[PDB]
Amino acid sequence: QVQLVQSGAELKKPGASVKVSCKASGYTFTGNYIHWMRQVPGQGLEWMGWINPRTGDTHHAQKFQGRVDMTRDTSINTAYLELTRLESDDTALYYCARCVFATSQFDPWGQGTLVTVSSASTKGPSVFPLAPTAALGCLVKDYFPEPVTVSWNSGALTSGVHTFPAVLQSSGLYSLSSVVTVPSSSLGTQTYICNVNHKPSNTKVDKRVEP
Amino acid sequence: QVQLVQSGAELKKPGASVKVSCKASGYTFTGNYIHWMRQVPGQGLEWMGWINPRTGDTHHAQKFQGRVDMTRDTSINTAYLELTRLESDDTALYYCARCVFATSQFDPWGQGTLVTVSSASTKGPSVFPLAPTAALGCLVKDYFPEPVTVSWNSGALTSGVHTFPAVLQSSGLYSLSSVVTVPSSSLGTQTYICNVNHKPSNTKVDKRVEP
Amino acid sequence: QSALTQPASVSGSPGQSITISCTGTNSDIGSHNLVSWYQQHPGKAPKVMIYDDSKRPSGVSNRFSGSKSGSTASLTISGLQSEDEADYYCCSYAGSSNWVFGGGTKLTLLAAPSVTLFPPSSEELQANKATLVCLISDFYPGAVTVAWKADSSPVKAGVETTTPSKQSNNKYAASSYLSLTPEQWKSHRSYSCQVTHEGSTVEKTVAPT
Amino acid sequence: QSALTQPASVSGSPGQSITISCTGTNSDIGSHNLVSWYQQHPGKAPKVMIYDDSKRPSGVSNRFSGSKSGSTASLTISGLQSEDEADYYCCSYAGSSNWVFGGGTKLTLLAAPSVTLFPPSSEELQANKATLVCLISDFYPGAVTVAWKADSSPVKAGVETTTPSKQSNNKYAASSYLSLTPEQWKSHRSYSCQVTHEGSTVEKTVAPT
Amino acid sequence: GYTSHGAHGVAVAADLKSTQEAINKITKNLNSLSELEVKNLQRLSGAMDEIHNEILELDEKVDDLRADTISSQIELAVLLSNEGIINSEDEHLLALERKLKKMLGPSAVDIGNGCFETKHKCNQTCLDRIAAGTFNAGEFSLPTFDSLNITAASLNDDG
Amino acid sequence: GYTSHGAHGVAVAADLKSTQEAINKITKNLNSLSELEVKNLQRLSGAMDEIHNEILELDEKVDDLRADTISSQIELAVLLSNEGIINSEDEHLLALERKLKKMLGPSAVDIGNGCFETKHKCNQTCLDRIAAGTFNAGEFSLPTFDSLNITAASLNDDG
Amino acid sequence: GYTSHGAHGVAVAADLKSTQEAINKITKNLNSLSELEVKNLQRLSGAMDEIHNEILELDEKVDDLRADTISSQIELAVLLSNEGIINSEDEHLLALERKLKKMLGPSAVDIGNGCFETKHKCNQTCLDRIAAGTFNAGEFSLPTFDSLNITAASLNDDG
């Protein structure tokens, strides 16, 4: 399948630098250009530049000149976008997209990589269970930065699962919760476990939910 | 085999328009130009234009500008020449010819399509037998326009067959006869049938001849 | 470099036909037949919808039709559907190897809450902390008031209610996190979360038991 | 656009060596190496004989040789044969994407007829019509006279005699159609068709019987 | 006694005056030339200013052609890579691509996906101006000055 | 008595006459400049008329080159279609060929069958003239007028 | 009696003398013009000498481009032979090869094995000179000669 897999979210302090990778798959890595966009949450898309994988030739928008570099590793079919001298306004979701010969078609789009510029300490989450058709969940508490990814029984199920947006507590630490509905007959007869990842802190942890 | 097949003969009134098709076969339809010629019966050849099947570039002679259009269907590999505002002088045999890269070679040539511009009406023939080595034939009488195609026993034989040219009656209707010599020992032991087509009227008719 | 002008948002009823315009200069839209229209959903990457001013990628519904006139591109969506509510962006090549995105347009369509009150977990209480979680989902529009009550009194201390967030089913969700020490969790008899959506008030309640 | 100057006709006996010229301007023949020679038989489409001023199509006999000098092409045929009797046309590119043919040259070489008289058919008589068909073939040169005779009197009423027409064997054919009422078919005792060629007269005759 | 001194005094003043009248004309005549010549020179200078523009226009026509060719060449070579005709890792093909891209020149503009468009600086009006060749420096002329004669005072015979 | 009045009248007439000889020369000198300078200006104009033509010649040298490359590229591209290397229905190849045929310009002439010949306007003599670079407006000069002296009447000492 | 022959005799020579001074100026004025215009004309010639060089330089810019494209096309075609995509004995391919080689022009230099390189006559300084377009013939000026007055002799009243 023609796909683009971006790197995980990143947090950097002001003035630092960040590097985002975008692995290509399902097509000829050199047969397209790779275009880099950014979008602040709740705002519109901003075009940054493009790179030729075949030659390595690049174009940057004048706004990003001098701060952005584009490179690629053809052996692994991956592009890299490095932004230096990071600022608060640079906090945004960054996307890689494949562009086709003589087309205005940016297709497919990467899932996005959230970059956060804030002054801040990485902290893994605290997982708590939320026991009771009945609903049950996992409370992710006291972590920073965003985001985290939650599955249930290793992605084995999706029916009823709802991840909620996280809340920024006054202490600068985030919290969310992930809930799922199950028939009340399955209580005590099925092991329900939430699997949560905080890639900035690299906190893979499981938590089973019981009455 | 590399071949061209043109459409049947057409009769039109002055000021009308006609379309003649030329189906290609035996080669790459887009790998040649199609050059269109016209020749009045008994006169010299007149070049009309050419068309590119690949790109669709068309050149018309300055004489034929504004009245002639050239098109094609690459799916069925068939060029089309459309003439508008027909006049008496347009009455002629029109040919399509394949022409090859960096060659003046017009090869192969279509069998020709007889366009006839006159104030007239299409009418099918009357087929009569002509019974008696001995010769036997079929009289095609009172038809319009030219031409008509005759075979014997569906073209099963050609030895001794002689299709004569038609004559234009004082009534303006056409007539010819097709004859064949057969041994007198084959009379009554072999069925002989002439099969005639008048495509403008579209009258495929057979006629068996007996003593 | 001027972002292409797009309407801020548009609205329509189901089954209706709507159109979103994207105006620019000649040098970007008029001079080049390389305008594209992209859809994006909440928490989802953009999806291409139209390219080269009319061309439809495979798998895209027939209802999405692109067009261009002068320096103004347009996308017409006939037969409006639930899935069409989304943000939409025009993107055009602006010469000198540069591409510019439009300001975007929020396409919106013209729902009681689903409350779930979870108490502090046993581990959290053992961790010298406590939190009450009030989860709301599947309410439309995205305007809701959340209130916390200790037995029968408004708490208001460290409630941390999130903003409404659009759902994949054109509805909204929210969460509230009343944090408190366990000392006043066993002390007060019970705790109630009241949620008002368009006047209608739904209350959940728990207690230490 | 000026047609290329070719001789109106040429003649030569079998086995001889003859040549047909085609003169034009520098702009068409002199300035372009795209002169071609095509053969055409009666009732048949043109057939390419030489192209690109010397090139011989596959299957074409070695006897035919093309040449060019200035604005004048020349096709030489050595060892003249029966099949060579035909029209020959020069065609050249004339600049500005235009192609021009020559005026043409009729090549002719340097025979008693074959009469066949058919009476009116039975069906045609039932169709209240009658026609007597006199068919002539394989006579050389293509000069012939035809007469009709009711019993022994010249009819001349609706004879409908064609011009001589060239055959595939370098000979000529013709046909006469004496149309008349069936009433004046039975009454007359006999009907004869006389054909004169080079003085020699050949007569066929039929009767109602 | 009648003093004739006035009569002779009437004479000489004419010879001076008419001579002055010549001189005053002559200077003006010089000025009449000098004003005109500068107008001619400047006119010629304007023609030179025209000519140079055409050269620059023609230079743009060169650059556009350079953009027209090389990109179209590159578009072919990449197409040979696209259809798998030549190995995309074929070092000779990549070297050809690099050499072509180095020779692109200014008017060539990458548009995305290995494609370059020619931003024609010499537009249709530029091409029409170049092909028209309607330059004309025009004609030039300078004045000719009439002869000037110095008149002696005619002694008025008081008859 | 000897009437000396004839003498003075002779003297002034000389001073006038000699002065006239200067004036008539000076006007001629003015004219001598003017007719010369017009010959220079027109000569310079002729030089401009040469230069413009050279530009036009060079313009033709550009145009033929446009015919030289593009058709050859097409001749390559069509060959790739003819040799079966790429599908003749390859849309990218077809668009490339359409682009090339749009970039041909006026100098190219379709000879039929997807082939174009360059009708070279800038012939061999044109190229020789361009490569010669033998343009020379040449030198220009103007005359120097000498001083003119006016003579007083020499009073003839009647010894 | 006092001889007045000295008095009037002083006067006429003054009217003569002053006039000569005007002539000496006016003659100089002619030369004052004549020297300057020659400098102007030569200056224009210098500007013309500049313009012609530009054309020659631009001609070199053409020639290099002719070597740039065709050689590259050749280097493409040879690759198609080297990769075996089209038969090396392909008559159309060899015909294109020969035709391209014939159109190489002067700026191309063979380097063996069928490869060519463009010897660029119009170097980087040439390109910058062409692109800058800093031609300026400049302004021209000529002098204006003021009026001259011939002086009569003031009859000295012996007071």
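Residues numbered from 1 in each chain as written, not as in the entry; some residues may be left out. Chains lettered and ligands numbered in written order. Heavy atoms only, no water. Residues with missing side-chain atoms left out of burial classes, pairs and counts.

It is worth spelling out the pattern of salt bridges at this point. Evaluated as defined, the whole model comprises 48 salt bridges over all chains. Taking the shortest distance from any N to any O, the salt bridge between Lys63(B) and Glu46(B) comes out at 2.8 Å. One end of the pair, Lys63(B), is in the loop between strand 6 (58-60) and strand 7 (68-73); the other, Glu46(B), is in strand 5 (residues 45-51), with 17 residues separating them in the sequence. Taken together, the shared-partner salt bridges in this structure form one network comprising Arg38(A), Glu46(A), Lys63(A), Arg67(A) and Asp90(A). (Salt bridge = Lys/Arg side-chain N within 4 Å of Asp/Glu carboxyl O. Helix = DSSP H or I, 4+ residues; strand = E, 2+ residues; numbered from the N terminus.)

All names here are of chain B. Using the criterion set out here, one finds 11 disulfides over all chains in the structure. Between the sulfur atoms of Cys22 and its disulfide partner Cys96 the distance amounts to 2.0 Å. Since a negative S-S torsion denotes a left-handed disulfide, the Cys22-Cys96 link at about 70° is right-handed. With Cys22 in strand 3 (residues 18-25) and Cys96 in strand 9 (residues 92-99), this residue pair connects regions lying 74 residues apart in the sequence. The exposure class of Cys22 is buried, given its relative accessible area of 1%. Here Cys96 falls in the buried class, since its relative accessible area comes to 0%. (Disulfide = S-S within 2.5 Å. Buried < 20%, exposed > 50% of the residue type's maximum accessible area, 1.4 Å probe, protein only.)

Here we take up the environment of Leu110(D). Residue and element names in this part refer to chain D. By secondary structure assignment, the location of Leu110 is in the loop between strand 9 (105-109) and strand 10 (116-118). A C-alpha to C-alpha distance of 23 Å links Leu110 and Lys47, two positions 63 residues apart in sequence. Apart from residues no more than four positions distant in its own chain, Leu110 is found in contact with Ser11, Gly12, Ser13 and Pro14. (Contact = heavy atoms within 4.5 Å.)

Now for the domain arrangement of chain A. Residues and elements named next belong to chain A. Examined at the domain level, chain A breaks down into domain 1 (3-117) and domain 2 (126-209). Once you take the C-alpha centre of each, domain 1 and domain 2 turn out to be 30 Å apart. Listed as interface residues are 4 residues of domain 1 and, on the opposing side, 6 residues of domain 2. Approximately 380 Å² of surface area, both sides summed, lies buried where domain 1 meets domain 2, with 83% of it carried by carbon and sulfur atoms. When the buried surface of domain 1 facing domain 2 is broken down by residue, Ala9, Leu11 and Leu114 rank first, second and third, together holding 76% of it. The tally of links from domain 1 across to domain 2 stands at 0 salt bridges. Between the two partners, domain 1 and domain 2, sit 0 residue pairs in polar contact. (Domains from an automatic or database assignment. Buried area = accessible area lost by both parts, 1.4 Å probe. Polar contact = N/O pair within 3.5 Å; in protein donor to acceptor, adjacent residues only side chain to side chain.)

The volume enclosed by the largest cavity comes to roughly 150 Å³. Lining of the largest cavity is provided by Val12(E), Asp15(E), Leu16(E), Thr19(E), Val12(F), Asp15(F), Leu16(F), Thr19(F), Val12(G), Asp15(G), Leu16(G) and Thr19(G). Sorting the residues of the lining of the largest cavity by element identifies helix 1 (5-82) of chain E, helix 1 (5-82) of chain F together with helix 1 (5-82) of chain G as the ones contributing at least two each. Its residues assigned to classes, the lining of the largest cavity comprises 6 nonpolar, 3 polar and 3 charged. Taken as a whole, the second largest cavity holds about 90 Å³ of empty space. In this structure, the second largest cavity is lined by 15 residues; those nearest its centre are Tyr33(A), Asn52(A), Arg54(A), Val78(E) and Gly114(E). (1 Å grid on protein atoms, 1.4 Å probe; cavity = no way out; pocket = protein on both sides within 12 Å on 5 of 7 lines; lining within 4 Å. Points joined across faces, edges and corners; volume = space filled by probe spheres on them. Nonpolar A, V, L, I, M, F, W, Y, C, P; charged D, E, K, R; others polar.)

Residue and element names in this part refer to chain F. The contact between helix 1 and helix 2 (residues 91-102) brings their axes to 9 Å, and the two run at 160°. One finds that helix 1 runs roughly antiparallel with respect to helix 2. Helix 2 is crossed by helix 1, and the crossing has left-handed handedness. Of the residues in helix 2, those in contact with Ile70, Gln73, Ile74, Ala77, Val78 and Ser81 of helix 1 are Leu93, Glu97, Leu100 and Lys101. Of the residues that constitute the contact of helix 1 with helix 2, the class distribution is 6 nonpolar, 2 polar and 2 charged. (Axes fitted to C-alpha atoms, helices over the stretch in contact; angles between N-to-C directions. Parallel < 35°, antiparallel > 145°, perpendicular 65-115°, else oblique. Left-handed = near helix turned anticlockwise from the far one by under 90°.)

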